[PDB]
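Coordinates as given in coords_19.cif (mmCIF, N, CA and C atoms):
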data_protein
#
loop_
_atom_site.label_atom_id
_atom_site.label_comp_id
_atom_site.auth_asym_id
_atom_site.auth_seq_id
_atom_site.Cartn_x
_atom_site.Cartn_y
_atom_site.Cartn_z
N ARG A 45 -14.59 15.91 -16.80
CA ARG A 45 -15.55 15.74 -15.70
C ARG A 45 -15.55 14.33 -15.10
N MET A 46 -15.47 13.29 -15.94
CA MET A 46 -15.64 11.93 -15.43
C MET A 46 -14.59 10.93 -15.85
N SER A 47 -14.12 11.02 -17.09
CA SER A 47 -13.29 9.95 -17.62
C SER A 47 -12.01 9.76 -16.80
N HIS A 48 -11.48 10.85 -16.23
CA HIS A 48 -10.25 10.75 -15.45
C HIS A 48 -10.44 9.96 -14.16
N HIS A 49 -11.66 9.97 -13.61
CA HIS A 49 -11.95 9.16 -12.43
C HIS A 49 -11.89 7.68 -12.77
N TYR A 50 -12.33 7.34 -13.98
CA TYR A 50 -12.31 5.96 -14.42
C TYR A 50 -10.87 5.47 -14.55
N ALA A 51 -10.00 6.37 -14.99
CA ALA A 51 -8.57 6.07 -15.10
C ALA A 51 -7.99 5.76 -13.71
N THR A 52 -8.38 6.56 -12.72
CA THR A 52 -7.92 6.34 -11.34
C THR A 52 -8.37 4.98 -10.81
N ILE A 53 -9.62 4.61 -11.11
CA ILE A 53 -10.08 3.28 -10.72
C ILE A 53 -9.18 2.21 -11.33
N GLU A 54 -8.86 2.37 -12.60
CA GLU A 54 -8.01 1.41 -13.31
C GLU A 54 -6.60 1.34 -12.72
N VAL A 55 -6.04 2.49 -12.32
CA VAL A 55 -4.70 2.51 -11.70
C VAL A 55 -4.71 1.65 -10.43
N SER A 56 -5.71 1.87 -9.61
CA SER A 56 -5.85 1.14 -8.35
C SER A 56 -5.99 -0.37 -8.57
N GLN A 57 -6.79 -0.76 -9.56
CA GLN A 57 -7.00 -2.18 -9.88
C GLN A 57 -5.70 -2.85 -10.34
N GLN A 58 -4.94 -2.15 -11.16
CA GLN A 58 -3.64 -2.66 -11.60
C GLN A 58 -2.68 -2.80 -10.44
N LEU A 59 -2.62 -1.78 -9.58
CA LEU A 59 -1.79 -1.82 -8.37
C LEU A 59 -2.17 -2.99 -7.49
N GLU A 60 -3.47 -3.22 -7.33
CA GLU A 60 -3.94 -4.34 -6.52
C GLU A 60 -3.49 -5.68 -7.10
N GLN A 61 -3.53 -5.80 -8.42
CA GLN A 61 -3.07 -7.03 -9.06
C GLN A 61 -1.57 -7.23 -8.84
N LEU A 62 -0.79 -6.17 -9.02
CA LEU A 62 0.66 -6.24 -8.83
C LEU A 62 1.07 -6.49 -7.36
N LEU A 63 0.30 -5.94 -6.43
CA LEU A 63 0.53 -6.18 -5.01
C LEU A 63 0.30 -7.67 -4.69
N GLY A 64 -0.78 -8.20 -5.24
CA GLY A 64 -1.09 -9.61 -5.16
C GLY A 64 0.03 -10.47 -5.72
N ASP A 65 0.58 -10.10 -6.88
CA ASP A 65 1.72 -10.83 -7.45
C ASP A 65 2.88 -10.85 -6.46
N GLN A 66 3.17 -9.69 -5.88
CA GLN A 66 4.24 -9.58 -4.90
C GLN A 66 4.02 -10.49 -3.69
N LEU A 67 2.80 -10.49 -3.16
CA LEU A 67 2.50 -11.34 -1.99
C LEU A 67 2.68 -12.81 -2.33
N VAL A 68 2.17 -13.20 -3.50
CA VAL A 68 2.30 -14.58 -3.96
C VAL A 68 3.77 -15.01 -4.05
N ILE A 69 4.60 -14.14 -4.61
CA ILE A 69 6.03 -14.42 -4.67
C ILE A 69 6.63 -14.54 -3.27
N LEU A 70 6.37 -13.55 -2.42
CA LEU A 70 6.92 -13.55 -1.06
C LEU A 70 6.46 -14.76 -0.23
N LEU A 71 5.31 -15.33 -0.57
CA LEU A 71 4.77 -16.47 0.19
C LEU A 71 5.44 -17.81 -0.12
N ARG A 72 6.19 -17.87 -1.22
CA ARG A 72 6.82 -19.12 -1.63
C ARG A 72 8.05 -19.42 -0.79
N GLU A 73 8.47 -20.68 -0.77
CA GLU A 73 9.61 -21.08 0.07
C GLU A 73 10.94 -20.55 -0.49
N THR A 74 11.06 -20.56 -1.81
CA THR A 74 12.21 -19.99 -2.50
C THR A 74 11.73 -18.95 -3.53
N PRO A 75 11.47 -17.71 -3.08
CA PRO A 75 10.94 -16.67 -3.97
C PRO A 75 12.00 -16.31 -5.00
N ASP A 76 11.58 -16.03 -6.23
CA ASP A 76 12.51 -15.63 -7.28
C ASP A 76 12.81 -14.14 -7.21
N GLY A 77 14.08 -13.80 -6.98
CA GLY A 77 14.48 -12.42 -6.80
C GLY A 77 14.20 -11.54 -8.01
N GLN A 78 14.44 -12.05 -9.21
CA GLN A 78 14.21 -11.23 -10.40
C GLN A 78 12.72 -10.95 -10.58
N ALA A 79 11.89 -11.97 -10.37
CA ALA A 79 10.45 -11.78 -10.50
C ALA A 79 9.96 -10.79 -9.45
N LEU A 80 10.46 -10.91 -8.23
CA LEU A 80 10.06 -9.97 -7.18
C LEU A 80 10.43 -8.53 -7.57
N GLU A 81 11.65 -8.32 -8.05
CA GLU A 81 12.09 -6.98 -8.40
C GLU A 81 11.27 -6.40 -9.55
N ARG A 82 10.94 -7.25 -10.52
CA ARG A 82 10.14 -6.82 -11.66
C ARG A 82 8.75 -6.41 -11.19
N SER A 83 8.17 -7.17 -10.26
CA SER A 83 6.84 -6.82 -9.77
C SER A 83 6.84 -5.53 -8.97
N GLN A 84 7.91 -5.30 -8.22
CA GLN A 84 8.03 -4.08 -7.43
C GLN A 84 8.23 -2.90 -8.39
N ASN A 85 9.08 -3.08 -9.39
CA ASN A 85 9.37 -1.99 -10.32
C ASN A 85 8.12 -1.65 -11.13
N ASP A 86 7.36 -2.67 -11.50
CA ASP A 86 6.11 -2.46 -12.23
C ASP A 86 5.04 -1.79 -11.37
N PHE A 87 4.91 -2.21 -10.11
CA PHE A 87 4.00 -1.51 -9.20
C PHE A 87 4.36 -0.01 -9.16
N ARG A 88 5.64 0.27 -8.94
CA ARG A 88 6.12 1.65 -8.88
C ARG A 88 5.87 2.43 -10.18
N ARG A 89 6.18 1.81 -11.32
CA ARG A 89 5.88 2.41 -12.63
C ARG A 89 4.42 2.81 -12.78
N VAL A 90 3.53 1.87 -12.52
CA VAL A 90 2.09 2.13 -12.61
C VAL A 90 1.64 3.24 -11.65
N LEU A 91 2.14 3.17 -10.43
CA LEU A 91 1.80 4.18 -9.43
C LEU A 91 2.29 5.58 -9.83
N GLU A 92 3.55 5.67 -10.23
CA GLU A 92 4.14 6.98 -10.53
C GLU A 92 3.63 7.59 -11.85
N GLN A 93 3.41 6.76 -12.87
CA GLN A 93 2.79 7.26 -14.10
C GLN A 93 1.35 7.66 -13.80
N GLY A 94 0.71 6.89 -12.94
CA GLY A 94 -0.65 7.16 -12.53
C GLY A 94 -0.72 8.50 -11.83
N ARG A 95 0.19 8.71 -10.89
CA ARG A 95 0.22 9.97 -10.15
C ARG A 95 0.49 11.14 -11.07
N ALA A 96 1.42 10.96 -12.00
CA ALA A 96 1.80 12.06 -12.88
C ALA A 96 0.61 12.48 -13.76
N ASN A 97 -0.28 11.53 -14.06
CA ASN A 97 -1.41 11.78 -14.95
C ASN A 97 -2.74 12.10 -14.24
N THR A 98 -2.75 12.02 -12.92
CA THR A 98 -3.98 12.23 -12.15
C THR A 98 -4.39 13.71 -12.15
N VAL A 99 -5.62 13.99 -12.57
CA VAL A 99 -6.04 15.40 -12.64
C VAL A 99 -6.70 15.88 -11.35
N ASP A 100 -7.48 15.01 -10.71
CA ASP A 100 -8.19 15.37 -9.48
C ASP A 100 -7.23 15.51 -8.29
N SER A 101 -7.33 16.63 -7.58
CA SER A 101 -6.40 16.96 -6.49
C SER A 101 -6.44 16.00 -5.31
N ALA A 102 -7.64 15.57 -4.95
CA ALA A 102 -7.83 14.64 -3.84
C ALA A 102 -7.32 13.25 -4.21
N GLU A 103 -7.44 12.87 -5.48
CA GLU A 103 -6.88 11.61 -5.92
C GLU A 103 -5.36 11.68 -5.94
N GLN A 104 -4.80 12.83 -6.31
CA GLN A 104 -3.34 13.01 -6.23
C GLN A 104 -2.82 12.80 -4.81
N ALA A 105 -3.51 13.38 -3.83
CA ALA A 105 -3.12 13.21 -2.44
C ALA A 105 -3.24 11.75 -2.01
N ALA A 106 -4.31 11.08 -2.41
CA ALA A 106 -4.48 9.67 -2.06
C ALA A 106 -3.37 8.81 -2.67
N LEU A 107 -2.98 9.10 -3.92
CA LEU A 107 -1.91 8.36 -4.57
C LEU A 107 -0.56 8.62 -3.89
N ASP A 108 -0.35 9.84 -3.38
CA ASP A 108 0.84 10.11 -2.54
C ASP A 108 0.86 9.25 -1.27
N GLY A 109 -0.29 9.07 -0.64
CA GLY A 109 -0.39 8.18 0.50
C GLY A 109 -0.13 6.72 0.12
N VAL A 110 -0.60 6.32 -1.06
CA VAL A 110 -0.36 4.97 -1.53
C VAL A 110 1.15 4.78 -1.70
N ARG A 111 1.81 5.80 -2.23
CA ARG A 111 3.26 5.73 -2.38
C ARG A 111 3.96 5.49 -1.03
N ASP A 112 3.61 6.28 -0.02
CA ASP A 112 4.23 6.12 1.30
C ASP A 112 3.97 4.74 1.89
N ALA A 113 2.74 4.26 1.75
CA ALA A 113 2.37 2.95 2.25
C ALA A 113 3.12 1.84 1.50
N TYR A 114 3.33 2.04 0.21
CA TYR A 114 4.04 1.06 -0.58
C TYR A 114 5.49 0.99 -0.16
N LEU A 115 6.11 2.15 0.05
CA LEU A 115 7.50 2.19 0.47
C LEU A 115 7.65 1.48 1.81
N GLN A 116 6.65 1.64 2.67
CA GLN A 116 6.67 1.00 3.98
C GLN A 116 6.67 -0.52 3.81
N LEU A 117 5.84 -1.00 2.88
CA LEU A 117 5.75 -2.44 2.64
C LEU A 117 7.04 -2.95 2.00
N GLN A 118 7.49 -2.25 0.96
CA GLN A 118 8.73 -2.60 0.28
C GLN A 118 9.92 -2.65 1.25
N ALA A 119 9.89 -1.80 2.27
CA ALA A 119 10.98 -1.75 3.23
C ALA A 119 11.16 -3.08 3.95
N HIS A 120 10.11 -3.90 3.99
CA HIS A 120 10.17 -5.18 4.68
C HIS A 120 10.74 -6.32 3.84
N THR A 121 11.08 -6.04 2.59
CA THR A 121 11.67 -7.07 1.72
C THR A 121 13.04 -7.45 2.25
N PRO A 122 13.21 -8.73 2.64
CA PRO A 122 14.50 -9.13 3.22
C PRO A 122 15.63 -8.92 2.21
N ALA A 123 16.81 -8.51 2.68
CA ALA A 123 17.93 -8.33 1.78
C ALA A 123 18.23 -9.66 1.08
N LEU A 124 18.08 -10.74 1.84
CA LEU A 124 18.27 -12.10 1.35
C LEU A 124 16.89 -12.75 1.33
N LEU A 125 16.43 -13.17 0.16
CA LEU A 125 15.05 -13.65 0.05
C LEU A 125 14.78 -15.01 0.71
N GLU A 126 15.83 -15.80 0.91
CA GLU A 126 15.70 -17.02 1.70
C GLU A 126 15.53 -16.71 3.19
N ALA A 127 15.90 -15.50 3.59
CA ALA A 127 15.84 -15.11 4.99
C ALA A 127 14.40 -14.87 5.46
N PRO A 128 14.11 -15.20 6.72
CA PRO A 128 12.79 -14.98 7.31
C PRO A 128 12.46 -13.49 7.38
N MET A 129 11.17 -13.17 7.33
CA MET A 129 10.72 -11.80 7.55
C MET A 129 11.19 -11.37 8.94
N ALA A 130 11.75 -10.17 9.04
CA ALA A 130 12.30 -9.71 10.32
C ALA A 130 11.22 -9.23 11.29
N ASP A 131 10.21 -8.54 10.76
CA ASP A 131 9.14 -7.98 11.58
C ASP A 131 7.78 -8.37 10.99
N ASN A 132 7.23 -9.48 11.46
CA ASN A 132 5.98 -10.00 10.90
C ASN A 132 4.80 -9.10 11.19
N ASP A 133 4.72 -8.56 12.40
CA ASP A 133 3.61 -7.66 12.70
C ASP A 133 3.66 -6.43 11.82
N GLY A 134 4.87 -5.92 11.60
CA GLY A 134 5.07 -4.76 10.75
C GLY A 134 4.73 -5.01 9.30
N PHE A 135 5.09 -6.18 8.79
CA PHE A 135 4.80 -6.52 7.40
C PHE A 135 3.29 -6.64 7.20
N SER A 136 2.63 -7.34 8.12
CA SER A 136 1.18 -7.45 8.12
C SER A 136 0.52 -6.07 8.13
N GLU A 137 1.00 -5.20 9.01
CA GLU A 137 0.45 -3.85 9.12
C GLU A 137 0.69 -3.00 7.87
N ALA A 138 1.88 -3.09 7.30
CA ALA A 138 2.18 -2.35 6.07
C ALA A 138 1.32 -2.86 4.93
N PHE A 139 1.17 -4.18 4.82
CA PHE A 139 0.29 -4.77 3.81
C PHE A 139 -1.14 -4.27 3.99
N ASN A 140 -1.63 -4.32 5.22
CA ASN A 140 -3.00 -3.90 5.50
C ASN A 140 -3.25 -2.45 5.12
N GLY A 141 -2.33 -1.57 5.51
CA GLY A 141 -2.45 -0.15 5.23
C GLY A 141 -2.44 0.16 3.74
N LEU A 142 -1.63 -0.58 2.99
CA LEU A 142 -1.57 -0.38 1.54
C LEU A 142 -2.83 -0.87 0.83
N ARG A 143 -3.28 -2.08 1.12
CA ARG A 143 -4.47 -2.58 0.45
C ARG A 143 -5.71 -1.74 0.79
N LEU A 144 -5.81 -1.29 2.03
CA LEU A 144 -6.94 -0.45 2.43
C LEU A 144 -6.90 0.89 1.68
N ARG A 145 -5.71 1.44 1.46
CA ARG A 145 -5.57 2.68 0.69
C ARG A 145 -5.93 2.50 -0.79
N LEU A 146 -5.56 1.36 -1.36
CA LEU A 146 -5.89 1.12 -2.76
C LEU A 146 -7.41 0.97 -2.91
N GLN A 147 -8.04 0.31 -1.95
CA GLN A 147 -9.50 0.17 -1.97
C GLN A 147 -10.18 1.53 -1.83
N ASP A 148 -9.71 2.34 -0.88
CA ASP A 148 -10.29 3.66 -0.71
C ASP A 148 -10.07 4.60 -1.90
N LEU A 149 -8.98 4.41 -2.62
CA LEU A 149 -8.74 5.20 -3.82
C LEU A 149 -9.87 4.96 -4.82
N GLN A 150 -10.26 3.69 -4.97
CA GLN A 150 -11.34 3.33 -5.88
C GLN A 150 -12.67 3.90 -5.42
N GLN A 151 -12.93 3.81 -4.12
CA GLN A 151 -14.13 4.41 -3.52
C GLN A 151 -14.14 5.93 -3.74
N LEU A 152 -12.99 6.58 -3.53
CA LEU A 152 -12.87 8.01 -3.79
C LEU A 152 -13.19 8.36 -5.24
N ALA A 153 -12.67 7.56 -6.17
CA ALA A 153 -12.88 7.78 -7.59
C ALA A 153 -14.37 7.61 -7.93
N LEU A 154 -14.98 6.58 -7.36
CA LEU A 154 -16.39 6.30 -7.59
C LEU A 154 -17.27 7.47 -7.13
N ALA A 155 -16.91 8.08 -6.00
CA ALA A 155 -17.65 9.22 -5.50
C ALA A 155 -17.56 10.41 -6.45
N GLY A 156 -16.37 10.67 -6.99
CA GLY A 156 -16.18 11.70 -8.00
C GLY A 156 -17.00 11.46 -9.27
N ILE A 157 -17.04 10.21 -9.72
CA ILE A 157 -17.88 9.84 -10.86
C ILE A 157 -19.35 10.14 -10.54
N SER A 158 -19.81 9.69 -9.38
CA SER A 158 -21.19 9.89 -8.98
C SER A 158 -21.56 11.38 -8.98
N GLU A 159 -20.69 12.21 -8.42
CA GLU A 159 -20.93 13.66 -8.35
C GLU A 159 -20.88 14.31 -9.73
N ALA A 160 -20.01 13.83 -10.61
CA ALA A 160 -20.00 14.32 -11.99
C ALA A 160 -21.25 13.90 -12.76
N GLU A 161 -21.74 12.69 -12.49
CA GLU A 161 -22.96 12.21 -13.13
C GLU A 161 -24.11 13.14 -12.77
N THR A 162 -24.24 13.42 -11.48
CA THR A 162 -25.30 14.28 -11.00
C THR A 162 -25.24 15.66 -11.64
N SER A 163 -24.05 16.25 -11.66
CA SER A 163 -23.85 17.56 -12.27
C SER A 163 -24.13 17.59 -13.79
N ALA A 164 -23.81 16.50 -14.48
CA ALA A 164 -24.10 16.41 -15.91
C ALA A 164 -25.60 16.50 -16.19
N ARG A 165 -26.42 15.96 -15.29
CA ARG A 165 -27.87 15.99 -15.45
C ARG A 165 -28.52 17.36 -15.19
N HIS A 166 -27.75 18.31 -14.67
CA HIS A 166 -28.31 19.62 -14.37
C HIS A 166 -27.61 20.75 -15.13
N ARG A 167 -26.71 20.38 -16.03
CA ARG A 167 -26.04 21.37 -16.86
C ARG A 167 -26.84 21.63 -18.12
N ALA A 168 -27.65 20.65 -18.52
CA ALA A 168 -28.55 20.79 -19.66
C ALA A 168 -29.92 20.20 -19.34
#
Spit out the file's structure as structure tokens when you get a sec.
Amino acid sequence: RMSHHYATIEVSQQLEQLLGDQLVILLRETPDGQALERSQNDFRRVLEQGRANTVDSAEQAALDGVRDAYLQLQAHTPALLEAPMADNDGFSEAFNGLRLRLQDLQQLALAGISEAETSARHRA
């Protein structure tokens, strides 16, 4: 009824931390390629294990959207990390869409918790 929503909140928080790591790396003058790849692979790991374990159907759909938004952001990673970002407006927009989705995932999870709390009080 409720514990799985808490797990979804945790997935989103971890993703947000890893996204932050990625931005911090990308913001440096000489970003480290191995660190960037590790952060991307870890974001993907957390997201995909999270999706595989998500029980709520609406949270599954939201995590699918997070995946698409993440791929959009990842697509902006320059082949050469010393190279300038090719599409700054696009990178900004992909970043914005992803962080807003991660925030809404948590809000969605919180709503499910709230509704389960209410239902628990009327089952007994």
Quick one: pull the distance between atom C of residue 117 of chain A and atom CA of residue 99 of chain A, Å, one decimal.
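Going from atom C of residue 117 of chain A over to atom CA of residue 99 of chain A, I get 26.9 Å.
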Given the file above and the PyMOL selection byres (((chain A and resi 72-76 and name CA) around 12) and name CA), which residues are selected, and can you give them as an mmCIF file with N, CA and C atoms, in the frame of the given file?
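Result saved to part-v4.cif:
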data_model
loop_
_atom_site.group_PDB
_atom_site.id
_atom_site.type_symbol
_atom_site.label_atom_id
_atom_site.label_comp_id
_atom_site.auth_asym_id
_atom_site.auth_seq_id
_atom_site.Cartn_x
_atom_site.Cartn_y
_atom_site.Cartn_z
ATOM 1 N N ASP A 65 0.580 -10.100 -6.880
ATOM 2 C CA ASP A 65 1.720 -10.830 -7.450
ATOM 3 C C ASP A 65 2.880 -10.850 -6.460
ATOM 4 N N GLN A 66 3.170 -9.690 -5.880
ATOM 5 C CA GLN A 66 4.240 -9.580 -4.900
ATOM 6 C C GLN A 66 4.020 -10.490 -3.690
ATOM 7 N N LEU A 67 2.800 -10.490 -3.160
ATOM 8 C CA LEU A 67 2.500 -11.340 -1.990
ATOM 9 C C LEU A 67 2.680 -12.810 -2.330
ATOM 10 N N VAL A 68 2.170 -13.200 -3.500
ATOM 11 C CA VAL A 68 2.300 -14.580 -3.960
ATOM 12 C C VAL A 68 3.770 -15.010 -4.050
ATOM 13 N N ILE A 69 4.600 -14.140 -4.610
ATOM 14 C CA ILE A 69 6.030 -14.420 -4.670
ATOM 15 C C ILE A 69 6.630 -14.540 -3.270
ATOM 16 N N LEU A 70 6.370 -13.550 -2.420
ATOM 17 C CA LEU A 70 6.920 -13.550 -1.060
ATOM 18 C C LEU A 70 6.460 -14.760 -0.230
ATOM 19 N N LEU A 71 5.310 -15.330 -0.570
ATOM 20 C CA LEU A 71 4.770 -16.470 0.190
ATOM 21 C C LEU A 71 5.440 -17.810 -0.120
ATOM 22 N N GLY A 77 14.080 -13.800 -6.980
ATOM 23 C CA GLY A 77 14.480 -12.420 -6.800
ATOM 24 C C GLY A 77 14.200 -11.540 -8.010
ATOM 25 N N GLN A 78 14.440 -12.050 -9.210
ATOM 26 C CA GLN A 78 14.210 -11.230 -10.400
ATOM 27 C C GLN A 78 12.720 -10.950 -10.580
ATOM 28 N N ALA A 79 11.890 -11.970 -10.370
ATOM 29 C CA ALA A 79 10.450 -11.780 -10.500
ATOM 30 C C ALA A 79 9.960 -10.790 -9.450
ATOM 31 N N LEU A 80 10.460 -10.910 -8.230
ATOM 32 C CA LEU A 80 10.060 -9.970 -7.180
ATOM 33 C C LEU A 80 10.430 -8.530 -7.570
ATOM 34 N N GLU A 81 11.650 -8.320 -8.050
ATOM 35 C CA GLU A 81 12.090 -6.980 -8.400
ATOM 36 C C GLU A 81 11.270 -6.400 -9.550
ATOM 37 N N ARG A 82 10.940 -7.250 -10.520
ATOM 38 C CA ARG A 82 10.140 -6.820 -11.660
ATOM 39 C C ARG A 82 8.750 -6.410 -11.190
ATOM 40 N N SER A 83 8.170 -7.170 -10.260
ATOM 41 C CA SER A 83 6.840 -6.820 -9.770
ATOM 42 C C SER A 83 6.840 -5.530 -8.970
ATOM 43 N N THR A 121 11.080 -6.040 2.590
ATOM 44 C CA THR A 121 11.670 -7.070 1.720
ATOM 45 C C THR A 121 13.040 -7.450 2.250
ATOM 46 N N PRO A 122 13.210 -8.730 2.640
ATOM 47 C CA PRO A 122 14.500 -9.130 3.220
ATOM 48 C C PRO A 122 15.630 -8.920 2.210
ATOM 49 N N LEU A 124 18.080 -10.740 1.840
ATOM 50 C CA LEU A 124 18.270 -12.100 1.350
ATOM 51 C C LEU A 124 16.890 -12.750 1.330
ATOM 52 N N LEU A 125 16.430 -13.170 0.160
ATOM 53 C CA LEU A 125 15.050 -13.650 0.050
ATOM 54 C C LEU A 125 14.780 -15.010 0.710
ATOM 55 N N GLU A 126 15.830 -15.800 0.910
ATOM 56 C CA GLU A 126 15.700 -17.020 1.700
ATOM 57 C C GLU A 126 15.530 -16.710 3.190
ATOM 58 N N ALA A 127 15.900 -15.500 3.590
ATOM 59 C CA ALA A 127 15.840 -15.110 4.990
ATOM 60 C C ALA A 127 14.400 -14.870 5.460
ATOM 61 N N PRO A 128 14.110 -15.200 6.720
ATOM 62 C CA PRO A 128 12.790 -14.980 7.310
ATOM 63 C C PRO A 128 12.460 -13.490 7.380
ATOM 64 N N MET A 129 11.170 -13.170 7.330
ATOM 65 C CA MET A 129 10.720 -11.800 7.550
ATOM 66 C C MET A 129 11.190 -11.370 8.940
#
For residue 152 of chain A, the nearest of the candidates A:53, A:110, A:123, A:96, counting all atoms listed in the file
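Once distances to residue 152 of chain A are computed over all atoms listed in the file, the minimum belongs to A:53.
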For the provided coordinates, the residues matched by the PyMOL selection byres (((chain A and resi 48 and name CA) around 9) and name CA) should be stated as a ChimeraX atom specification.
/A:45-47,49-53,97-100,153,157
Need the shell around residue 90 of chain A: protein/DNA/RNA residues with any atom at most 8 Å away, counting all atoms listed in the file. Skip same-chain ones fewer than 3 positions apart. Format as a ChimeraX atom specification?
/A:55-56,58-59,84-87,93-96
Could you check which of A:113, A:91, A:62, A:102 is closest to residue 141 of chain A, using only N, CA and C atoms?
A:113
Distance in Å - atom C of residue 145 of chain A versus atom N of residue 107 of chain A:
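Taking atom C of residue 145 of chain A and atom N of residue 107 of chain A, their separation equals 7.9 Å.
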So the first atom is atom C of residue 168 of chain A and the second is atom C of residue 150 of chain A; what is the distance between them in Å, to one decimal place?
27.5 Å
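Those residues in segment 112-151 of chain A carrying a DSSP assignment of alpha helix (DSSP H), computed from the backbone, are residues 112, 113, 114, 115, 116, 117, 118, 132, 133, 134, 135, 136, 137, 138, 139, 140, 141, 142, 143, 144, 145, 146, 147, 148, 149, 150 and 151 of chain A.
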With distances taken over all atoms listed in the file, which residue among A:111, A:165, A:120, A:88 lies nearest residue 134 of chain A?
A:120
The residue from A:106, A:164, A:135, A:115 with the smallest atom-to-atom distance to residue 148 of chain A, counting only N, CA and C atoms, is A:106
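For the set A:139, A:104, A:166, A:149, the residue with the smallest atom-to-atom gap to residue 118 of chain A is A:139, counting all atoms listed in the file.
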